[PDB]
Peer 1: 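There's a structure below that I have some questions on.
Both ligands and their constituent atoms are indexed starting at 1 by order of listing. For reference, positions follow the sequence shown, starting with 1. The figures here come from the full heavy-atom set of this structure, side chains too, leaving out hydrogens, waters and symmetry mates.
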Amino acid sequence: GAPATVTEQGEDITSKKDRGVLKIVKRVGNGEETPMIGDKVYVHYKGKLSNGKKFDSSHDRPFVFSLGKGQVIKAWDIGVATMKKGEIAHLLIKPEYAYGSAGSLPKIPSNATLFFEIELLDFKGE
Ligand SMILES: COc1cc2cc(c1OC)OCC[C@H](C)n1cc(nn1)CCCOC(=O)[C@@H]1CCCCN1C(=O)[C@H]2C1CCCCC1
C-alpha cells in the first residue's frame with residue numbers, strides 16, 4: 001500500500017538526490033508560505049516502520065516541534081519544510097535520514113526504513 005506507492009511515485013526531496021526522503025502530497029494545503037527554519041510547527045502524524053511492524057500516532061492523543069533544531073529526524077526537517085498549512089503528505093525515509101545504522105532501540109532497529117503520514121496544522125515564526 002502506501003509505503004510501496006511512495007517508493008514508486010514519490011518525489012525525491014533530498015538535496016543530494018539519493019532518494020533518502022520521498023514525498024507524495026495526499027491533500028493540498030492553503031497558502032504560499034512553507035515553514036522557514038526556526039518556526040514552531042504543529043502537526044498530526046501517523047508513523048510506522050515500512051515493514052508495518054511498529055506504529056505510532058499523534059491523533060492517538062498535536063505534535064509540536066521547532067523546525068531545523070534537531071528535535072526530530074533529518075527527514076522531518078527536510079520534509080515538513082516543503083509543506084503548506086493544511087497539507088497532508090506521505091514520506092518514505094531511508095535510515096540515513098532517520099536513525100541510521102545505530103537505530104534507536106527498542107523502538108527503531110538498525111537500518112530502518114520509516115513511513116509517515118503528516119498533516120501540517122500550523123506554523124508560527126519564533
Ligand atoms: C526514537 O524514539 C521515538 C520515535 C518515535 C516516537 C517516539 C519515540 O520515542 C521513544 O515516541 C513518541 C512519543 C514520545 C514521548 N516522543 C518521543 C519523541 N517525541 N515524542 C522524540 C521524537 C523522535 O522521533 C522523531 O524524530 C520522529 C519524527 C517526529 C515524530 C516521532 N518520530 C519517530 O521516529 C517515532 C517512530 C515512528 C516509527 C514507528 C515508531 C515510532
Side-chain angles (χ1 to χ4, degrees), residues 1-7 9-15 17-29 31 34-39 41-45 47-50 52 55-58 62-68 70 72-73 75-84 86-106 108-123 125:
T5 299
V6 171
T7 289
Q9 311 178 6
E11 162 185 36
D12 181 354
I13 59 169
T14 65
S15 296
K17 296 287 178 264
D18 58 20
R19 292 173 57 78
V21 184
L22 299 173
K23 184 185 186 190
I24 305 173
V25 174
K26 303 305 301 193
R27 186 234 285 153
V28 169
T34 65
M36 303 285 152
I37 291 185
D39 285 355
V41 180
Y42 294 90
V43 304
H44 274 313
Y45 77 89
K48 53 178 186 162
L49 307 186
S50 51
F55 213 124
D56 165 58
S57 159
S58 64
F63 179 82
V64 182
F65 74 104
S66 295
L67 183 76
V72 289
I73 57 173
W76 268 45
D77 280 335
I78 291 162
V80 176
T82 71
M83 292 176 70
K84 313 184 160 196
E87 182 184 313
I88 307 172
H90 283 176
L91 297 181
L92 191 66
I93 305 161
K94 284 189 191 172
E96 299 70 15
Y97 291 84
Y99 297 98
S101 72
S104 192
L105 291 179
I108 316 302
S110 172
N111 288 155
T113 290
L114 305 203
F115 172 90
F116 296 84
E117 173 175 281
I118 307 173
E119 187 183 340
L120 181 51
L121 305 168
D122 208 351
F123 58 96

Peer 1: Rounded at 0.5 Å granularity, tell me how far CZ in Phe116 sits from CD1 in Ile73.
Peer 2: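 Output value for this atom pair is 4.5 Å.
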
Peer 1: Can you check side chain to side chain donor-acceptor pair (under 3.5 Å) on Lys94 and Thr113, steps first, answer last?
Peer 2: CA-CA 5 Å; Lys94 284 189 191 172; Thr113 290; over 6 Å; no

Peer 1: Does ligand 1 have a heavy atom under 4.0 Å from the side chain of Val72, from its backbone, from both, or from neither?
Peer 2: both

Peer 1: Do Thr34 and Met83 come close enough that some side-chain heavy atom pair is under 4.5 Å?
Peer 2: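 Result no, sub-4.5 Å side-chain heavy-atom pair not found.
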
Peer 1: Salt bridge or not for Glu87 and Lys23, using N-O below 4.0 Å?
Peer 2: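 Yes, charged N to carboxylate O under 4.0 Å.
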
Peer 1: Of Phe116, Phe65, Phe115, which has the heavy atom at the shortest distance from atom 37 (C) of ligand 1?
Peer 2: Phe116

Peer 1: Of the listed options (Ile73, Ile108, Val64), which comes nearest to atom 26 (O) of ligand 1 when hydrogens are ignored and any heavy atom counts?
Peer 2: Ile73

Peer 1: Looking only at non-hydrogen atoms, which of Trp76, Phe63, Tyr99 approaches atom 32 (N) of ligand 1 most closely?
Peer 2: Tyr99

